[PDB]
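Engineer: Structure file coords.cif (mmCIF, C-alpha atoms and all ligand atoms) right here:
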```cif
data_query
loop_
_atom_site.label_atom_id
_atom_site.label_comp_id
_atom_site.auth_asym_id
_atom_site.auth_seq_id
_atom_site.Cartn_x
_atom_site.Cartn_y
_atom_site.Cartn_z
CA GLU N 1 -26.62 14.30 11.85
CA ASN N 2 -23.68 16.65 11.33
CA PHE N 3 -22.62 15.46 7.86
CA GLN N 4 -24.18 15.93 4.48
CA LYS N 5 -23.25 13.11 2.12
CA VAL N 6 -22.08 14.36 -1.28
CA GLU N 7 -21.24 11.11 -3.05
CA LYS N 8 -20.14 7.56 -2.42
CA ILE N 9 -16.41 7.31 -3.05
CA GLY N 10 -16.25 3.54 -2.82
CA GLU N 11 -16.43 0.41 -0.71
CA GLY N 12 -13.59 -0.41 1.66
CA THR N 13 -12.86 -3.59 3.61
CA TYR N 14 -14.72 -2.19 6.65
CA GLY N 15 -17.57 -0.35 4.91
CA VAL N 16 -18.73 2.43 2.59
CA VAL N 17 -16.73 5.65 2.15
CA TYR N 18 -18.53 8.89 1.36
CA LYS N 19 -17.42 12.36 0.48
CA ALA N 20 -19.25 14.52 3.01
CA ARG N 21 -19.48 18.07 4.29
CA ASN N 22 -19.56 19.02 7.96
CA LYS N 23 -22.78 21.09 8.18
CA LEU N 24 -21.28 23.01 11.15
CA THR N 25 -17.74 23.89 9.97
CA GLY N 26 -18.15 23.52 6.17
CA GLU N 27 -15.12 21.19 6.16
CA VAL N 28 -15.18 18.62 3.31
CA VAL N 29 -14.13 15.17 4.52
CA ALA N 30 -14.10 11.45 3.78
CA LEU N 31 -16.51 9.59 6.04
CA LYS N 32 -16.03 5.86 6.59
CA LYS N 33 -18.82 3.82 8.11
CA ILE N 34 -17.29 0.75 9.80
CA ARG N 35 -19.78 -2.09 9.38
CA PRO N 36 -15.55 -3.82 20.59
CA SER N 37 -13.70 -1.58 23.05
CA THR N 38 -10.35 -3.04 21.92
CA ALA N 39 -11.00 -1.49 18.49
CA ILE N 40 -12.06 1.87 19.99
CA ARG N 41 -8.81 2.24 21.97
CA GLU N 42 -6.64 1.19 19.03
CA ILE N 43 -8.35 3.58 16.62
CA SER N 44 -8.09 6.44 19.16
CA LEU N 45 -4.30 6.05 19.30
CA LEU N 46 -4.21 6.49 15.49
CA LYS N 47 -5.56 10.03 15.88
CA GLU N 48 -2.11 11.01 17.15
CA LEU N 49 -0.20 9.47 14.21
CA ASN N 50 0.23 12.67 12.18
CA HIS N 51 2.57 13.03 9.20
CA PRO N 52 2.30 14.90 5.88
CA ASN N 53 2.29 11.64 3.89
CA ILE N 54 -0.41 10.02 6.08
CA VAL N 55 -4.07 10.86 5.50
CA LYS N 56 -5.14 12.62 8.69
CA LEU N 57 -7.72 10.94 10.94
CA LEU N 58 -9.87 13.87 12.07
CA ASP N 59 -12.24 12.06 14.42
CA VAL N 60 -13.77 8.81 15.57
CA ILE N 61 -17.51 8.65 16.25
CA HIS N 62 -19.24 5.66 17.89
CA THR N 63 -23.04 5.97 18.23
CA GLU N 64 -25.74 3.33 18.47
CA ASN N 65 -23.65 0.31 17.43
CA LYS N 66 -22.22 2.46 14.64
CA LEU N 67 -18.61 3.57 14.15
CA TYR N 68 -17.65 6.41 11.82
CA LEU N 69 -14.15 7.55 10.94
CA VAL N 70 -13.67 11.10 9.65
CA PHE N 71 -10.65 11.63 7.45
CA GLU N 72 -8.96 14.33 5.43
CA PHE N 73 -10.35 14.28 1.87
CA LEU N 74 -8.05 14.06 -1.18
CA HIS N 75 -9.28 14.44 -4.75
CA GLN N 76 -7.88 11.40 -6.54
CA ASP N 77 -6.42 7.96 -5.89
CA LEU N 78 -3.36 6.41 -7.51
CA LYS N 79 -5.45 3.81 -9.34
CA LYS N 80 -7.42 6.47 -11.22
CA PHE N 81 -4.21 8.43 -11.92
CA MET N 82 -2.43 5.33 -13.24
CA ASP N 83 -5.40 4.55 -15.46
CA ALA N 84 -5.46 8.16 -16.74
CA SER N 85 -1.73 7.97 -17.41
CA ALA N 86 -1.94 4.54 -19.09
CA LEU N 87 -1.21 5.58 -22.72
CA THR N 88 1.63 7.86 -21.74
CA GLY N 89 3.01 6.46 -18.48
CA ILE N 90 3.69 8.47 -15.35
CA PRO N 91 7.00 10.33 -15.89
CA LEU N 92 9.87 8.74 -13.97
CA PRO N 93 10.55 11.91 -11.85
CA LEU N 94 6.95 11.73 -10.56
CA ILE N 95 7.11 7.97 -9.93
CA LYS N 96 10.29 8.65 -7.96
CA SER N 97 8.72 11.56 -6.03
CA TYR N 98 5.72 9.44 -5.12
CA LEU N 99 7.83 6.47 -4.02
CA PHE N 100 10.02 8.68 -1.87
CA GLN N 101 7.05 10.28 -0.18
CA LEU N 102 5.37 6.91 0.46
CA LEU N 103 8.59 5.58 1.96
CA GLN N 104 8.66 8.66 4.26
CA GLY N 105 5.09 7.78 5.34
CA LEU N 106 6.02 4.16 5.96
CA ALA N 107 9.20 5.16 7.83
CA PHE N 108 7.11 7.34 10.16
CA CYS N 109 4.41 4.77 10.91
CA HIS N 110 6.91 1.93 11.23
CA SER N 111 8.94 3.98 13.77
CA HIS N 112 5.73 4.11 15.86
CA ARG N 113 5.26 0.32 15.43
CA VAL N 114 2.15 0.85 13.24
CA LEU N 115 1.69 -1.28 10.07
CA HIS N 116 -0.70 -0.80 7.19
CA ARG N 117 -0.90 -4.45 6.04
CA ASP N 118 -3.22 -3.73 3.03
CA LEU N 119 -1.53 -1.16 0.79
CA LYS N 120 -2.97 -0.91 -2.73
CA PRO N 121 -3.37 1.84 -5.37
CA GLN N 122 -6.88 2.62 -4.09
CA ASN N 123 -5.59 3.68 -0.65
CA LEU N 124 -2.81 5.87 -1.97
CA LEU N 125 -4.23 9.35 -2.46
CA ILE N 126 -2.89 12.37 -4.38
CA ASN N 127 -3.50 16.09 -4.56
CA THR N 128 -2.80 18.92 -6.97
CA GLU N 129 0.38 20.05 -5.13
CA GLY N 130 2.36 16.89 -5.95
CA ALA N 131 1.73 15.13 -2.59
CA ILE N 132 0.82 11.48 -2.15
CA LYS N 133 -0.54 10.10 1.15
CA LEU N 134 -1.34 6.70 2.67
CA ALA N 135 -4.94 6.09 3.82
CA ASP N 136 -6.09 3.53 6.45
CA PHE N 137 -2.83 2.86 8.34
CA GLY N 138 -3.44 0.80 11.47
CA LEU N 139 -7.04 -0.17 10.53
CA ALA N 140 -6.24 -3.82 9.77
CA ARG N 141 -4.73 -4.28 13.26
CA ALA N 142 -7.55 -2.33 14.93
CA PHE N 143 -10.42 -4.23 13.32
CA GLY N 144 -8.73 -7.62 12.74
CA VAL N 145 -13.31 -9.53 -3.43
CA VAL N 146 -10.38 -8.22 -1.37
CA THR N 147 -7.30 -7.89 -3.62
CA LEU N 148 -4.37 -10.27 -3.02
CA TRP N 149 -2.11 -8.61 -5.59
CA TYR N 150 0.02 -6.73 -3.04
CA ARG N 151 0.18 -9.41 -0.33
CA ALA N 152 3.67 -10.36 0.95
CA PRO N 153 4.67 -14.06 0.60
CA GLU N 154 5.03 -14.59 4.37
CA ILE N 155 1.34 -13.69 4.76
CA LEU N 156 0.37 -16.11 1.99
CA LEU N 157 2.49 -18.85 3.65
CA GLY N 158 0.56 -18.46 6.88
CA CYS N 159 2.91 -16.47 9.12
CA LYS N 160 0.89 -15.23 12.12
CA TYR N 161 3.33 -12.43 13.06
CA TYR N 162 3.41 -9.62 10.48
CA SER N 163 6.43 -7.34 10.37
CA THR N 164 6.96 -3.91 8.86
CA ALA N 165 8.39 -5.76 5.85
CA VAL N 166 4.86 -6.63 4.61
CA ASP N 167 4.34 -2.93 3.73
CA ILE N 168 7.66 -2.70 1.85
CA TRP N 169 6.62 -5.69 -0.26
CA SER N 170 3.28 -4.06 -1.13
CA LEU N 171 4.93 -0.79 -2.03
CA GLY N 172 7.48 -2.58 -4.23
CA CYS N 173 4.59 -4.17 -6.11
CA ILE N 174 3.04 -0.70 -6.54
CA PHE N 175 6.37 0.79 -7.72
CA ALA N 176 6.60 -1.91 -10.41
CA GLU N 177 3.00 -1.22 -11.49
CA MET N 178 3.66 2.56 -11.83
CA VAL N 179 6.67 1.76 -14.04
CA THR N 180 5.18 -0.97 -16.24
CA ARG N 181 1.51 0.16 -16.26
CA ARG N 182 0.45 -3.35 -15.37
CA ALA N 183 0.02 -5.18 -12.07
CA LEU N 184 3.13 -7.21 -11.18
CA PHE N 185 1.39 -10.21 -9.54
CA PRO N 186 -2.36 -10.16 -10.28
CA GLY N 187 -3.44 -13.37 -8.55
CA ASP N 188 -7.05 -14.34 -8.31
CA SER N 189 -6.65 -16.86 -5.46
CA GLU N 190 -4.13 -17.31 -2.65
CA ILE N 191 -2.35 -20.12 -4.52
CA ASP N 192 -2.44 -18.29 -7.85
CA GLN N 193 -0.90 -15.27 -6.04
CA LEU N 194 1.85 -17.38 -4.47
CA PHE N 195 2.60 -19.20 -7.76
CA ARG N 196 2.74 -15.92 -9.72
CA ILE N 197 5.34 -14.69 -7.21
CA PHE N 198 7.28 -17.95 -7.54
CA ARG N 199 7.13 -17.87 -11.36
CA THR N 200 8.86 -14.49 -11.34
CA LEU N 201 11.20 -14.52 -8.34
CA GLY N 202 11.82 -18.31 -8.23
CA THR N 203 10.31 -20.79 -5.79
CA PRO N 204 11.86 -19.89 -2.42
CA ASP N 205 14.04 -22.38 -0.55
CA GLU N 206 16.18 -22.57 2.59
CA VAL N 207 19.10 -20.93 0.78
CA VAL N 208 17.31 -17.66 -0.02
CA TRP N 209 14.80 -17.79 2.89
CA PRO N 210 15.96 -19.70 5.98
CA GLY N 211 12.93 -21.16 7.72
CA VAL N 212 10.61 -20.96 4.68
CA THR N 213 10.09 -24.74 4.55
CA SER N 214 8.76 -24.81 8.13
CA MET N 215 6.08 -22.17 7.50
CA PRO N 216 2.45 -23.16 8.17
CA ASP N 217 1.21 -23.32 4.58
CA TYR N 218 4.50 -24.33 2.95
CA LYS N 219 4.16 -27.52 0.93
CA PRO N 220 7.14 -29.57 -0.33
CA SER N 221 5.03 -30.28 -3.39
CA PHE N 222 5.18 -26.66 -4.60
CA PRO N 223 6.53 -26.52 -8.16
CA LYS N 224 10.16 -25.38 -8.38
CA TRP N 225 10.43 -22.44 -10.80
CA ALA N 226 13.72 -20.70 -11.58
CA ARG N 227 14.00 -16.97 -10.93
CA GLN N 228 13.72 -14.60 -13.93
CA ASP N 229 15.89 -11.41 -14.31
CA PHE N 230 14.51 -8.01 -13.11
CA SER N 231 15.54 -6.72 -16.58
CA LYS N 232 12.55 -8.72 -17.86
CA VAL N 233 10.29 -7.76 -14.90
CA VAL N 234 10.21 -3.94 -14.98
CA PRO N 235 12.11 -3.41 -18.22
CA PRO N 236 12.27 0.29 -18.95
CA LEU N 237 13.51 0.95 -15.40
CA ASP N 238 17.16 1.92 -14.87
CA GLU N 239 19.63 -0.04 -12.76
CA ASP N 240 19.18 2.12 -9.64
CA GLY N 241 15.40 1.55 -9.80
CA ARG N 242 15.85 -2.19 -10.38
CA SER N 243 18.30 -2.42 -7.46
CA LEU N 244 15.88 -0.76 -5.07
CA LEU N 245 12.92 -2.85 -6.29
CA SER N 246 14.95 -6.03 -5.84
CA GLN N 247 15.66 -5.11 -2.21
CA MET N 248 11.96 -4.38 -1.63
CA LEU N 249 10.96 -7.80 -3.01
CA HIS N 250 13.47 -9.97 -1.08
CA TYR N 251 11.70 -13.12 0.05
CA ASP N 252 13.16 -13.17 3.58
CA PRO N 253 11.33 -10.38 5.53
CA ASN N 254 14.53 -9.92 7.53
CA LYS N 255 16.59 -9.21 4.39
CA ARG N 256 13.91 -6.95 2.84
CA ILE N 257 14.97 -3.28 2.91
CA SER N 258 13.47 -0.96 5.55
CA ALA N 259 11.66 2.23 4.62
CA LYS N 260 14.38 4.26 6.36
CA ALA N 261 17.20 2.49 4.45
CA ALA N 262 15.31 2.72 1.14
CA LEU N 263 15.20 6.53 1.49
CA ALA N 264 19.01 6.49 1.38
CA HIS N 265 19.13 4.36 -1.76
CA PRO N 266 21.07 5.85 -4.75
CA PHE N 267 17.85 5.87 -6.83
CA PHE N 268 16.77 8.95 -4.85
CA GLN N 269 19.98 10.95 -5.54
CA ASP N 270 18.12 13.15 -8.03
CA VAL N 271 14.64 13.12 -6.50
CA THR N 272 12.41 16.16 -7.03
CA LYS N 273 8.77 17.08 -6.43
CA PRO N 274 6.89 17.45 -9.75
CA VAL N 275 3.26 18.51 -9.80
CA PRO N 276 0.96 16.10 -11.69
CA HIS N 277 -1.65 17.43 -14.10
CA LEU N 278 -4.88 16.27 -12.46
CA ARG N 279 -8.26 16.33 -14.12
CA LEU N 280 -10.86 16.54 -11.34
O1 LIG N 301 -10.16 8.54 -8.06
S1 LIG N 301 -11.48 8.65 -7.59
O2 LIG N 301 -12.24 9.72 -8.22
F1 LIG N 301 -12.11 7.22 -7.72
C1 LIG N 301 -11.32 9.16 -5.91
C2 LIG N 301 -10.87 8.25 -4.98
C3 LIG N 301 -10.68 8.65 -3.67
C4 LIG N 301 -10.99 9.97 -3.30
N1 LIG N 301 -10.77 10.43 -1.98
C5 LIG N 301 -10.56 9.72 -0.85
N2 LIG N 301 -10.82 8.39 -0.82
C6 LIG N 301 -10.61 7.73 0.29
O3 LIG N 301 -10.80 6.40 0.40
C7 LIG N 301 -11.32 5.69 -0.74
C8 LIG N 301 -11.37 4.22 -0.39
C9 LIG N 301 -9.97 3.76 0.02
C10 LIG N 301 -9.74 2.25 -0.16
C11 LIG N 301 -11.04 1.46 -0.09
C12 LIG N 301 -12.10 1.92 -1.09
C13 LIG N 301 -11.92 3.37 -1.52
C14 LIG N 301 -10.20 8.41 1.43
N3 LIG N 301 -9.89 8.00 2.71
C15 LIG N 301 -9.51 9.11 3.32
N4 LIG N 301 -9.57 10.21 2.53
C16 LIG N 301 -10.01 9.78 1.32
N5 LIG N 301 -10.20 10.49 0.20
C17 LIG N 301 -11.41 10.89 -4.27
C18 LIG N 301 -11.60 10.48 -5.58
#
```
Using C-alpha cells, write down the structure from this file.
Ligand SMILES: O=S(=O)(F)c1ccc(Nc2nc(OCC3CCCCC3)c3[nH]cnc3n2)cc1

Structural biologist:
Amino acid sequence: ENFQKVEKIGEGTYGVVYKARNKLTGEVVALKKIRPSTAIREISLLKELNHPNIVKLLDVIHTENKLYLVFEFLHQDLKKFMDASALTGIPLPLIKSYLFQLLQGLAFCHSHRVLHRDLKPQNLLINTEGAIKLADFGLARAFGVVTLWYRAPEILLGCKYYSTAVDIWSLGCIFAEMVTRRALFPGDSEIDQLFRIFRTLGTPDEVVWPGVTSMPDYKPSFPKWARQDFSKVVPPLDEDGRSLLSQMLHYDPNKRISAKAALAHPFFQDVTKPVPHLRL
C-alpha cells in the first residue's frame, strides 16, 4: 500500500528484504517481509531499543497474516565492503573503529538483556560517515543455507540457554575475517563447523571448559586436536589485537570477555573514526 519497492536487497532467515520508499513521507527504508502474539509483543519491545550502532526499527506492521518490519536503510553491508577491499585489506584503523562501534552496540543490547544470536557480515551495515550498525537484534528470540560460520561452540554442542557470550564469539570471528580477508571457520555442516573450531583452538576438555563433557551433543569420541598459536591464526595482527581476539574466542562462555570489558581493552588505546571510501 504505502511502500514502493525499489529493489530486492536480499533474502534473510525470516523473508525477503526490499529497499522501499514510503509514498507518504518520501523516507527510504528497508522493508522485511516475515514469512503469533508472542512474536508481536517481543518485536514491539525492540522498537524502544535505540542506539547509534543499532539499525533503527521504524515500525512493525501486521496485516492479513502478514508481518512487515520497517528499518532504517544503510547503503552497504560489511560483506560487500570486505569483498571490495579484498586485494588491499581494510586498513587496521578502520577495522579497529568498526570493532569498537560494534562492541558499543553489543554492550547496549546486552545491558537490556537482548541478544542477536546470528551475527554475520551481511547483517553489519555501514554508511559514508564511518559508522557501522548491527541489523536484526532480537529477531532470533522473537521468531524462534543458513551460515554456521559464526556460531559459538556452546550452540553447536546443544546448549539450550544462550548467553550474551554467543554474540562476542560471532564478532570475534568477524574481527578475524576483517584482518585476514578469509573466513576463520567456514564449516559446511554442524560437525564440520565444530571440528574446524577444534582444529584451530584445540578440542575442548574439562580443564579449559568445565562442564563441556556433559553437554547434550558432546561425544567422547571427538578427535583430540592440539591448539595452534594465534600467531598462525590471524598473522599480520599485533599482540594487542591477538590478545583481544583470544579473549573473544574463549571456549567457556563464562570466561569469554564481555562487550563492556572489551571496550576497555588496550587494543582500543589509539582508536579513531576513519571514513571508508564507499562506491555506491
Ligand atoms: O552491499 S549490498 O549492496 F549487497 C547492500 C546490502 C544491504 C543494504 N542495506 C540494508 N540491508 C539490510 O538487510 C539486508 C539483509 C540482512 C541479512 C539477511 C539478508 C540481507 C537492512 N536491514 C535494515 N536496514 C538494511 N539496509 C544495502 C546494500

Engineer: Would you list the residues that come within 8 Å of ligand LIG 301 (chain N)? Count all atoms listed in the file and give the answer as a short mmCIF file (atom, residue, chain, number, x, y, z; two decimals) with C-alpha atoms, in the frame of the given file.

Structural biologist:
```
data_model
loop_
_atom_site.label_atom_id
_atom_site.label_comp_id
_atom_site.auth_asym_id
_atom_site.auth_seq_id
_atom_site.Cartn_x
_atom_site.Cartn_y
_atom_site.Cartn_z
CA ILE N 9 -16.41 7.31 -3.05
CA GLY N 10 -16.25 3.54 -2.82
CA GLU N 11 -16.43 0.41 -0.71
CA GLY N 12 -13.59 -0.41 1.66
CA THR N 13 -12.86 -3.59 3.61
CA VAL N 16 -18.73 2.43 2.59
CA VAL N 17 -16.73 5.65 2.15
CA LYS N 19 -17.42 12.36 0.48
CA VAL N 29 -14.13 15.17 4.52
CA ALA N 30 -14.10 11.45 3.78
CA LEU N 31 -16.51 9.59 6.04
CA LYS N 32 -16.03 5.86 6.59
CA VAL N 55 -4.07 10.86 5.50
CA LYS N 56 -5.14 12.62 8.69
CA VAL N 70 -13.67 11.10 9.65
CA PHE N 71 -10.65 11.63 7.45
CA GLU N 72 -8.96 14.33 5.43
CA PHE N 73 -10.35 14.28 1.87
CA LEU N 74 -8.05 14.06 -1.18
CA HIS N 75 -9.28 14.44 -4.75
CA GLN N 76 -7.88 11.40 -6.54
CA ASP N 77 -6.42 7.96 -5.89
CA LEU N 78 -3.36 6.41 -7.51
CA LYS N 79 -5.45 3.81 -9.34
CA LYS N 80 -7.42 6.47 -11.22
CA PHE N 81 -4.21 8.43 -11.92
CA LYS N 120 -2.97 -0.91 -2.73
CA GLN N 122 -6.88 2.62 -4.09
CA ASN N 123 -5.59 3.68 -0.65
CA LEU N 124 -2.81 5.87 -1.97
CA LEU N 125 -4.23 9.35 -2.46
CA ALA N 135 -4.94 6.09 3.82
CA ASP N 136 -6.09 3.53 6.45
CA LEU N 280 -10.86 16.54 -11.34
#
```

Engineer: Go through N:234, N:278, N:168, N:212 and flag the residue nearest residue 249 (chain N), using all atoms listed in the file for the distances.

Structural biologist: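 Selected residue with least distance to residue 249 (chain N): N:168.
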
Engineer: So that I can see what lies close to residue 182 (chain N), please list as a list in words the residues with an atom at most 10 Å from it, counting only C-alpha atoms and leaving out residues fewer than 5 positions away in the same chain.

Structural biologist: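 Here the qualifying residues turn out to be residues 82, 83, 86, 174, 176, 177 and 234 of chain N.
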
Engineer: Write to file, as a PDB file, in the frame of the given file, the residues of the selection just made, with C-alpha atoms.

Structural biologist:
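Heads up, here's the output in result-v5.pdb:
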```pdb
ATOM      1  CA  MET N  82      -2.430   5.330 -13.240  1.00  0.00           C
ATOM      2  CA  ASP N  83      -5.400   4.550 -15.460  1.00  0.00           C
ATOM      3  CA  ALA N  86      -1.940   4.540 -19.090  1.00  0.00           C
ATOM      4  CA  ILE N 174       3.040  -0.700  -6.540  1.00  0.00           C
ATOM      5  CA  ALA N 176       6.600  -1.910 -10.410  1.00  0.00           C
ATOM      6  CA  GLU N 177       3.000  -1.220 -11.490  1.00  0.00           C
ATOM      7  CA  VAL N 234      10.210  -3.940 -14.980  1.00  0.00           C
TER       8      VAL N 234
END
```

Engineer: What is the CA of residue 128 (chain N)-CA of residue 268 (chain N) distance in Å, reported with one decimal?

Structural biologist: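 Value for the CA of residue 128 (chain N)-CA of residue 268 (chain N) distance: 22.1 Å.
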
Engineer: List the neighbours of region 35-46 of chain N out to 12 Å using only C-alpha atoms; skip same-chain residues closer than 3 positions along the sequence, and give me the result as a VMD selection string.

Structural biologist: chain N and resid 11 to 17 32 49 to 51 54 to 63 65 to 71 109 112 to 116 135 to 144

Engineer: In Å, with one decimal, what is the gap from CA of residue 246 (chain N) to CA of residue 198 (chain N)?

Structural biologist: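 Between these atoms lies a distance of 14.3 Å.
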